[PDB]
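Contents: one structure, followed by commentary.
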Amino acid sequence: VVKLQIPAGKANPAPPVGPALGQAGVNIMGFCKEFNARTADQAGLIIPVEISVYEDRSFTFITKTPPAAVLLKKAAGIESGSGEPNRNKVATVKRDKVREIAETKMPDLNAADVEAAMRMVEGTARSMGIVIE
Amino acid sequence: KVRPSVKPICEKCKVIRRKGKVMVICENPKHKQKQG
Amino acid sequence: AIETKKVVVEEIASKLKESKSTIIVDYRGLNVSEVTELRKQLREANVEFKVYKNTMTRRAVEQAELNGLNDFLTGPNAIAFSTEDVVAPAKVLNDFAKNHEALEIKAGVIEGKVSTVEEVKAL
Amino acid sequence: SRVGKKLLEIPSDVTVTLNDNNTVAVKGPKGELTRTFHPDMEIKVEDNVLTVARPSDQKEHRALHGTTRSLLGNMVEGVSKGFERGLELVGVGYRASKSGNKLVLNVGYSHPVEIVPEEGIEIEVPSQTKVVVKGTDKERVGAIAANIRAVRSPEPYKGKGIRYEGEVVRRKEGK
Amino acid sequence: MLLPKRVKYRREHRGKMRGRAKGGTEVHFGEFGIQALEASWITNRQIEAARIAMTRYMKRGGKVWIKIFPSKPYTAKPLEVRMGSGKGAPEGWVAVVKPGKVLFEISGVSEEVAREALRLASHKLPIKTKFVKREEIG
RNA sequence: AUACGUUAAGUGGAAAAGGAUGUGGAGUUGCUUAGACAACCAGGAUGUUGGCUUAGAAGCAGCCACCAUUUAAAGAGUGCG
């Protein structure tokens, strides 16, 4: 099992994929069409993909959401957070806005509940130093 | 090594007297020591 | 020892309203194997199900002194008790059985628990 | 919480004589042993169960009492199941083969290596890599295992010569 | 490195130490402090050797306390000079020390760090010493 | 010689700072048959390396807000890597 961050819009050249999965016995030609299929809904983003390795050289893949807290910069409206969080509260975000963010992360999050999904994001918003309001 | 004031250096080290002479022993060979 | 009483009195409250339960051996209890079961609890309900591996004969068996007096035989060796709150019984007896058959933790050949006054044979 | 108070069952068939003072002549199909015992210790034979008891709680007695049980358990098992210690040779041209009771060792020294087992001990060579020293005496099998190890002290830089199976020799980076 | 701005006399008698300390036996300015078991002379350089050892290990923290300011000179006749022909000169300074006296104090520091800072000072000081804490009956 | 002990090195019959599961007594305290120290079999966190960074270094360049959930349990980290 070797996780990789294959881009959604492209999958063919050796240097990003190539030998690294080619030594796994993976048939690269047969899967590249698949990476361009389901990920087309979210083109232009770098989508991480888990890769299990069956003994029969069969394969099944699971796509994931773009990485967490990147969205927090957008909701804050600021390009970058403080280098000194809490000591420097550069930005603030409403609790209702956090609800919009947590729902996007649900397939990636292992959180049992939406109320718990809130608390997970709350630990990320504090990393940016952003106040929770 | 041999010094009058043998002391533990890491948690893996253990103090064990042998033949009337205290010796500290560890999984790392460098930490091995004996007093006297 | 006051903390131990919280371990006792709380679990008894579940057993008084408990409906069904199943034996689960603790051997080779991989964390990934647990998550596969925990997700099933999320479908059946929420936090209402309990995994609590407080399976000492000095612990859980004392809870069984009030009700479910069939745990005395199951008490030796590893156990993973489960308790139901609401949820009409069905899949709960079946879901864990499917897991052990595909590797992941010995089932103990299902020693069985309270349902009537019996033991072995999940339905 | 203690060593010698524990009972030792005899699976059988292992008889145990109680001859003074004190000699314990354990007997059976595999062999016999006579461990030395100072008088202060008290050995007794429950039916198919050896027993040991401490005369006092004094610190000197506390040490000796835990040793006497561990030895007797080593004795009975060697009279029954027996014992063996593997030795994993590692290298390229290294190999070993018997020549009579003697065990020739083609160690990398230009001088040929030979080791003669003591009576009651034999060394089969199922493969050139593995080495097995069968014997009823743990003190002797471990001694012979050390004597064979003496022929080649292991090199931390590379797996060579005698090596216990299994054991991790410390890794070293050459340059 | 601590020396008096002025002294009434260039030289003084070496004296004769005896008995329990006249005072300062009980630490209170600091949460913890070194306490000598015996009595012996301490040169000014020995005091500086102790404080430098603590400031590094302590890092950020409360100010180091020093209850003892040296005042008694130790005479040092130049080498190979014959006996007599006048008293020598004060090469340096030495504080008087008595058993049970609080040689140093530390405060505002965590319990783990405090155990070490008192220990490193004990090596620089020839006198045997022991760990001490404030009493509050009180 | 008698009685209660202590000492194991020839200490007794040669010093020190310092070091040590040496041993004999005394005291205090944590846990502990609603379970202790040893184990031997179980698993190791979830988003996540998480913010600020250094090409990248995800338990770990190092500076830290070092969060909250899954819960029988685990620090967004004890350590060999």
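Going through the structure tokens in order, the chains are called A, B, and so on, while each chain numbers its residues from 1 and the ligands are numbered from 1 in the order shown.
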Residues within 8 Å of residue 44 in chain A, please, as a PDB file with N, CA and C atoms, in the first residue's frame. Count only C-alpha atoms (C1' of nucleotides); anything in the same chain fewer than 5 positions from it doesn't count.
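Once everything was written out, this is around.pdb:
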```pdb
ATOM      1  N   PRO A   7      -2.080  14.258  -9.370  1.00  0.00           N
ATOM      2  CA  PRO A   7      -2.977  15.348  -9.774  1.00  0.00           C
ATOM      3  C   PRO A   7      -4.215  14.832 -10.501  1.00  0.00           C
ATOM      4  N   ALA A   8      -5.357  15.470 -10.273  1.00  0.00           N
ATOM      5  CA  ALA A   8      -6.618  15.020 -10.851  1.00  0.00           C
ATOM      6  C   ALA A   8      -6.672  15.160 -12.372  1.00  0.00           C
ATOM      7  N   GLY A   9      -6.060  16.219 -12.891  1.00  0.00           N
ATOM      8  CA  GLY A   9      -6.150  16.523 -14.309  1.00  0.00           C
ATOM      9  C   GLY A   9      -5.160  15.802 -15.203  1.00  0.00           C
TER      10      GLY A   9
END
```
What are the residues of chain E that have an atom within 10 Å of an atom of chain F, counting only C-alpha atoms (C1' of nucleotides), as a PyMOL selection string?
chain E and resi 123-128
I'd like to know which of F:13, F:77, F:50, F:19 is closest to residue 3 in chain B, using only C-alpha atoms (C1' of nucleotides).
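With only C-alpha atoms (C1' of nucleotides) as the atom set, the closest residue is F:19.
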Strand (DSSP E or B) call set, DSSP backbone run, chain A, as a list in words
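Of chain A, the ones in strand (DSSP E or B) are residues 4, 7, 46, 49, 50, 51, 61, 62, 63, 92, 93, 131 and 132 of chain A.
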Within 12 Å of residue 96 in chain D using only C-alpha atoms (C1' of nucleotides), minus same-chain residues under 2 positions, as an MDAnalysis selection string:
chainID D and resid 87:90 93:94 98:99 102:108 112:115 123:132 148 161:162
How would the residues just picked look written out with N, CA, C and O atoms as a tab-separated table (two decimals), in the first residue's frame?
```tsv
chain	number	residue	atom	x	y	z
D	87	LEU	N	22.61	-22.32	15.54
D	87	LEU	CA	23.72	-21.42	15.25
D	87	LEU	C	23.74	-21.08	13.76
D	87	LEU	O	24.05	-21.92	12.93
D	88	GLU	N	23.40	-19.83	13.43
D	88	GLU	CA	23.29	-19.42	12.04
D	88	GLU	C	24.60	-18.86	11.48
D	88	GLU	O	24.93	-17.69	11.71
D	89	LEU	N	25.33	-19.69	10.76
D	89	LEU	CA	26.50	-19.23	10.01
D	89	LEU	C	26.07	-18.27	8.91
D	89	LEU	O	25.05	-18.47	8.26
D	90	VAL	N	26.86	-17.21	8.70
D	90	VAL	CA	26.55	-16.25	7.64
D	90	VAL	C	27.83	-15.92	6.88
D	90	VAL	O	28.90	-15.77	7.47
D	93	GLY	N	31.65	-18.33	1.41
D	93	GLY	CA	32.33	-19.61	1.30
D	93	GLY	C	32.27	-20.46	2.56
D	93	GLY	O	32.76	-21.58	2.58
D	94	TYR	N	31.66	-19.92	3.61
D	94	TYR	CA	31.54	-20.64	4.88
D	94	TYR	C	30.68	-21.89	4.74
D	94	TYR	O	29.64	-21.87	4.08
D	98	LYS	N	30.54	-32.86	9.22
D	98	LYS	CA	31.12	-33.76	10.21
D	98	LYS	C	32.14	-34.72	9.61
D	98	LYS	O	32.07	-35.07	8.43
D	99	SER	N	33.10	-35.13	10.43
D	99	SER	CA	34.05	-36.17	10.07
D	99	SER	C	34.19	-37.11	11.25
D	99	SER	O	35.05	-36.93	12.11
D	102	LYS	N	33.76	-35.97	15.41
D	102	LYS	CA	34.32	-34.62	15.34
D	102	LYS	C	33.56	-33.74	14.36
D	102	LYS	O	33.09	-34.20	13.33
D	103	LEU	N	33.45	-32.45	14.69
D	103	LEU	CA	32.78	-31.49	13.83
D	103	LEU	C	33.77	-30.55	13.16
D	103	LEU	O	34.20	-29.56	13.75
D	104	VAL	N	34.14	-30.87	11.92
D	104	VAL	CA	35.00	-29.98	11.14
D	104	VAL	C	34.25	-28.70	10.81
D	104	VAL	O	33.06	-28.72	10.48
D	105	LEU	N	34.95	-27.57	10.89
D	105	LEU	CA	34.36	-26.28	10.54
D	105	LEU	C	35.23	-25.56	9.53
D	105	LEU	O	36.38	-25.21	9.82
D	106	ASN	N	34.69	-25.33	8.33
D	106	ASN	CA	35.42	-24.60	7.31
D	106	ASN	C	35.28	-23.09	7.51
D	106	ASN	O	34.71	-22.38	6.68
D	107	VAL	N	35.82	-22.63	8.63
D	107	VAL	CA	35.85	-21.22	9.00
D	107	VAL	C	36.88	-20.51	8.12
D	107	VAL	O	37.78	-21.16	7.58
D	108	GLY	N	36.74	-19.20	7.95
D	108	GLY	CA	37.54	-18.46	6.99
D	108	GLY	C	39.02	-18.38	7.31
D	108	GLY	O	39.81	-17.91	6.49
D	112	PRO	N	42.34	-25.18	9.38
D	112	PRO	CA	41.09	-25.92	9.55
D	112	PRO	C	40.62	-25.91	11.00
D	112	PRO	O	41.44	-25.95	11.91
D	113	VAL	N	39.30	-25.87	11.20
D	113	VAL	CA	38.74	-25.84	12.55
D	113	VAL	C	38.05	-27.16	12.88
D	113	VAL	O	37.29	-27.69	12.07
D	114	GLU	N	38.32	-27.68	14.07
D	114	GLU	CA	37.66	-28.90	14.54
D	114	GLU	C	37.28	-28.78	16.01
D	114	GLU	O	38.03	-28.22	16.81
D	115	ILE	N	36.11	-29.31	16.35
D	115	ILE	CA	35.64	-29.29	17.73
D	115	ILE	C	35.07	-30.65	18.11
D	115	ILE	O	34.21	-31.19	17.41
D	123	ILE	N	26.17	-33.55	17.35
D	123	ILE	CA	25.92	-32.37	16.53
D	123	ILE	C	25.63	-32.75	15.08
D	123	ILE	O	26.54	-32.98	14.29
D	124	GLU	N	24.34	-32.81	14.75
D	124	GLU	CA	23.91	-33.04	13.37
D	124	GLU	C	24.09	-31.77	12.54
D	124	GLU	O	24.10	-30.66	13.09
D	125	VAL	N	24.24	-31.93	11.23
D	125	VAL	CA	24.39	-30.78	10.34
D	125	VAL	C	23.39	-30.91	9.19
D	125	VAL	O	23.75	-31.33	8.09
D	126	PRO	N	22.12	-30.58	9.46
D	126	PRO	CA	21.05	-30.62	8.45
D	126	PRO	C	21.33	-29.71	7.26
D	126	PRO	O	20.93	-30.03	6.14
D	127	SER	N	22.01	-28.60	7.50
D	127	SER	CA	22.34	-27.65	6.44
D	127	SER	C	23.65	-26.93	6.75
D	127	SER	O	24.07	-26.85	7.90
D	128	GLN	N	24.28	-26.41	5.70
D	128	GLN	CA	25.58	-25.74	5.83
D	128	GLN	C	25.48	-24.47	6.67
D	128	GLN	O	26.45	-24.06	7.31
D	129	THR	N	24.30	-23.85	6.66
D	129	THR	CA	24.09	-22.62	7.41
D	129	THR	C	23.80	-22.90	8.89
D	129	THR	O	24.54	-22.45	9.76
D	130	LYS	N	22.72	-23.63	9.15
D	130	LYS	CA	22.30	-23.91	10.51
D	130	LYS	C	23.19	-24.94	11.20
D	130	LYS	O	23.78	-25.80	10.55
D	131	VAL	N	23.30	-24.82	12.52
D	131	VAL	CA	24.03	-25.79	13.33
D	131	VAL	C	23.22	-26.11	14.59
D	131	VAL	O	22.73	-25.21	15.26
D	132	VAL	N	23.08	-27.40	14.90
D	132	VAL	CA	22.28	-27.82	16.05
D	132	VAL	C	23.08	-28.71	16.99
D	132	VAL	O	23.55	-29.78	16.61
D	148	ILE	N	32.00	-23.03	20.32
D	148	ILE	CA	31.87	-22.92	18.87
D	148	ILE	C	31.87	-21.45	18.46
D	148	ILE	O	32.44	-21.08	17.43
D	161	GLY	N	30.38	-15.59	10.55
D	161	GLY	CA	30.65	-16.57	11.59
D	161	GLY	C	29.42	-16.95	12.39
D	161	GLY	O	28.29	-16.86	11.90
D	162	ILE	N	29.64	-17.39	13.62
D	162	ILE	CA	28.56	-17.81	14.51
D	162	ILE	C	27.61	-16.67	14.83
D	162	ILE	O	28.04	-15.54	15.06
```
Close residues, range 21-29 of chain C itself excluded, 8 Å, only C-alpha atoms (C1' of nucleotides), min 2 positions apart in chain, as number ranges by chain
C: 19, 31, 33-34, 78-84, 93, 104-108, 110-115; F: 41-43
What would the file look like if the residues just selected were written as a PDB file, in the first residue's frame with N, CA and C atoms (P, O5', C5', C4', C3', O3' and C1' of nucleotides)?
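What follows is the written file result-v9.pdb:
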```
ATOM      1  N   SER C  19     -30.680  -5.461  26.040  1.00  0.00           N
ATOM      2  CA  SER C  19     -31.483  -6.418  25.289  1.00  0.00           C
ATOM      3  C   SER C  19     -30.674  -7.648  24.879  1.00  0.00           C
ATOM      4  N   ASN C  31      -6.320  -2.389  15.976  1.00  0.00           N
ATOM      5  CA  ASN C  31      -7.095  -1.154  16.016  1.00  0.00           C
ATOM      6  C   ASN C  31      -7.936  -0.959  14.763  1.00  0.00           C
ATOM      7  N   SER C  33      -9.210  -3.380  13.062  1.00  0.00           N
ATOM      8  CA  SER C  33     -10.309  -4.327  13.206  1.00  0.00           C
ATOM      9  C   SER C  33     -11.417  -3.763  14.087  1.00  0.00           C
ATOM     10  N   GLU C  34     -11.034  -2.925  15.043  1.00  0.00           N
ATOM     11  CA  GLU C  34     -12.001  -2.297  15.933  1.00  0.00           C
ATOM     12  C   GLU C  34     -12.808  -1.228  15.207  1.00  0.00           C
ATOM     13  N   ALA C  78      -9.679 -13.882  27.853  1.00  0.00           N
ATOM     14  CA  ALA C  78     -10.035 -12.600  27.251  1.00  0.00           C
ATOM     15  C   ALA C  78     -11.504 -12.521  26.836  1.00  0.00           C
ATOM     16  N   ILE C  79     -12.090 -11.337  27.013  1.00  0.00           N
ATOM     17  CA  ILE C  79     -13.494 -11.087  26.692  1.00  0.00           C
ATOM     18  C   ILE C  79     -13.610  -9.644  26.192  1.00  0.00           C
ATOM     19  N   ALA C  80     -14.605  -9.361  25.358  1.00  0.00           N
ATOM     20  CA  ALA C  80     -14.942  -7.983  25.016  1.00  0.00           C
ATOM     21  C   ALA C  80     -16.455  -7.801  25.055  1.00  0.00           C
ATOM     22  N   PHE C  81     -16.966  -7.397  26.213  1.00  0.00           N
ATOM     23  CA  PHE C  81     -18.404  -7.261  26.417  1.00  0.00           C
ATOM     24  C   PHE C  81     -19.023  -6.173  25.546  1.00  0.00           C
ATOM     25  N   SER C  82     -20.252  -6.425  25.112  1.00  0.00           N
ATOM     26  CA  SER C  82     -21.023  -5.450  24.357  1.00  0.00           C
ATOM     27  C   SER C  82     -22.415  -5.330  24.961  1.00  0.00           C
ATOM     28  N   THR C  83     -22.975  -4.125  24.930  1.00  0.00           N
ATOM     29  CA  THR C  83     -24.291  -3.888  25.512  1.00  0.00           C
ATOM     30  C   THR C  83     -25.161  -3.053  24.580  1.00  0.00           C
ATOM     31  N   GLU C  84     -26.451  -3.367  24.555  1.00  0.00           N
ATOM     32  CA  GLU C  84     -27.405  -2.624  23.740  1.00  0.00           C
ATOM     33  C   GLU C  84     -28.287  -1.737  24.608  1.00  0.00           C
ATOM     34  N   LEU C  93     -25.932  -9.484  16.330  1.00  0.00           N
ATOM     35  CA  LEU C  93     -25.481 -10.859  16.481  1.00  0.00           C
ATOM     36  C   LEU C  93     -24.726 -11.336  15.243  1.00  0.00           C
ATOM     37  N   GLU C 104      -8.950 -11.446  11.460  1.00  0.00           N
ATOM     38  CA  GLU C 104      -9.237 -10.405  12.447  1.00  0.00           C
ATOM     39  C   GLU C 104      -9.897 -10.933  13.719  1.00  0.00           C
ATOM     40  N   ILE C 105      -9.069 -11.309  14.692  1.00  0.00           N
ATOM     41  CA  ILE C 105      -9.511 -11.693  16.035  1.00  0.00           C
ATOM     42  C   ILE C 105     -10.301 -13.007  16.069  1.00  0.00           C
ATOM     43  N   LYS C 106      -9.897 -13.916  16.952  1.00  0.00           N
ATOM     44  CA  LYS C 106     -10.635 -15.157  17.161  1.00  0.00           C
ATOM     45  C   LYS C 106     -12.022 -14.864  17.727  1.00  0.00           C
ATOM     46  N   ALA C 107     -13.032 -15.562  17.218  1.00  0.00           N
ATOM     47  CA  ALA C 107     -14.399 -15.378  17.692  1.00  0.00           C
ATOM     48  C   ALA C 107     -14.650 -16.086  19.018  1.00  0.00           C
ATOM     49  N   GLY C 108     -13.772 -17.020  19.368  1.00  0.00           N
ATOM     50  CA  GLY C 108     -13.966 -17.833  20.557  1.00  0.00           C
ATOM     51  C   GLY C 108     -15.002 -18.912  20.299  1.00  0.00           C
ATOM     52  N   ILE C 110     -17.814 -18.333  19.505  1.00  0.00           N
ATOM     53  CA  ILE C 110     -19.005 -17.740  20.118  1.00  0.00           C
ATOM     54  C   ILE C 110     -19.487 -18.520  21.346  1.00  0.00           C
ATOM     55  N   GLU C 111     -18.958 -18.169  22.513  1.00  0.00           N
ATOM     56  CA  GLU C 111     -19.387 -18.781  23.769  1.00  0.00           C
ATOM     57  C   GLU C 111     -20.843 -18.445  24.075  1.00  0.00           C
ATOM     58  N   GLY C 112     -21.287 -17.293  23.582  1.00  0.00           N
ATOM     59  CA  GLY C 112     -22.668 -16.872  23.720  1.00  0.00           C
ATOM     60  C   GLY C 112     -22.950 -16.083  24.983  1.00  0.00           C
ATOM     61  N   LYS C 113     -24.082 -15.385  24.991  1.00  0.00           N
ATOM     62  CA  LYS C 113     -24.508 -14.607  26.148  1.00  0.00           C
ATOM     63  C   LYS C 113     -26.024 -14.652  26.324  1.00  0.00           C
ATOM     64  N   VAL C 114     -26.541 -13.704  27.100  1.00  0.00           N
ATOM     65  CA  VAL C 114     -27.961 -13.647  27.421  1.00  0.00           C
ATOM     66  C   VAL C 114     -28.826 -13.394  26.189  1.00  0.00           C
ATOM     67  N   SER C 115     -29.921 -14.142  26.096  1.00  0.00           N
ATOM     68  CA  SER C 115     -30.933 -13.965  25.064  1.00  0.00           C
ATOM     69  C   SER C 115     -32.204 -14.615  25.589  1.00  0.00           C
TER      70      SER C 115
ATOM     71  P     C F  41       5.018 -13.768  24.028  1.00  0.00           P
ATOM     72  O5'   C F  41       3.576 -14.418  23.831  1.00  0.00           O
ATOM     73  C5'   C F  41       2.646 -13.866  22.912  1.00  0.00           C
ATOM     74  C4'   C F  41       1.238 -13.929  23.447  1.00  0.00           C
ATOM     75  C3'   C F  41       0.248 -12.956  22.824  1.00  0.00           C
ATOM     76  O3'   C F  41      -0.281 -13.403  21.590  1.00  0.00           O
ATOM     77  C1'   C F  41       0.074 -12.844  25.173  1.00  0.00           C
ATOM     78  P     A F  42      -0.462 -12.372  20.368  1.00  0.00           P
ATOM     79  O5'   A F  42      -1.657 -11.419  20.825  1.00  0.00           O
ATOM     80  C5'   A F  42      -1.395 -10.185  21.483  1.00  0.00           C
ATOM     81  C4'   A F  42      -2.575  -9.251  21.400  1.00  0.00           C
ATOM     82  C3'   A F  42      -2.289  -7.881  20.804  1.00  0.00           C
ATOM     83  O3'   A F  42      -2.282  -7.882  19.388  1.00  0.00           O
ATOM     84  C1'   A F  42      -3.457  -7.607  22.825  1.00  0.00           C
ATOM     85  P     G F  43      -1.059  -7.217  18.589  1.00  0.00           P
ATOM     86  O5'   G F  43      -1.512  -5.704  18.388  1.00  0.00           O
ATOM     87  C5'   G F  43      -2.743  -5.398  17.749  1.00  0.00           C
ATOM     88  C4'   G F  43      -3.348  -4.125  18.283  1.00  0.00           C
ATOM     89  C3'   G F  43      -2.550  -2.853  18.050  1.00  0.00           C
ATOM     90  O3'   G F  43      -2.721  -2.332  16.744  1.00  0.00           O
ATOM     91  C1'   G F  43      -3.293  -2.923  20.292  1.00  0.00           C
TER      92        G F  43
END
```
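When CA of residue 61 in chain E is paired with CA of residue 110 in chain E, their separation reads 9.3 Å.
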Which residues are near residue 61 in chain A? Cut-off 9 Å, only C-alpha atoms (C1' of nucleotides), ignore same chain within fewer than 5 positions. Put them as a list in words.
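Counting only C-alpha atoms (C1' of nucleotides), the residues come to residues 49, 50, 51 and 52 of chain A.
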For each of F:39, F:72, F:64, F:4, take the minimum atom-to-atom distance to chain D, counting only C-alpha atoms (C1' of nucleotides), then give the residue where this is smallest.
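With only C-alpha atoms (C1' of nucleotides) as the atom set, the closest residue is F:39.
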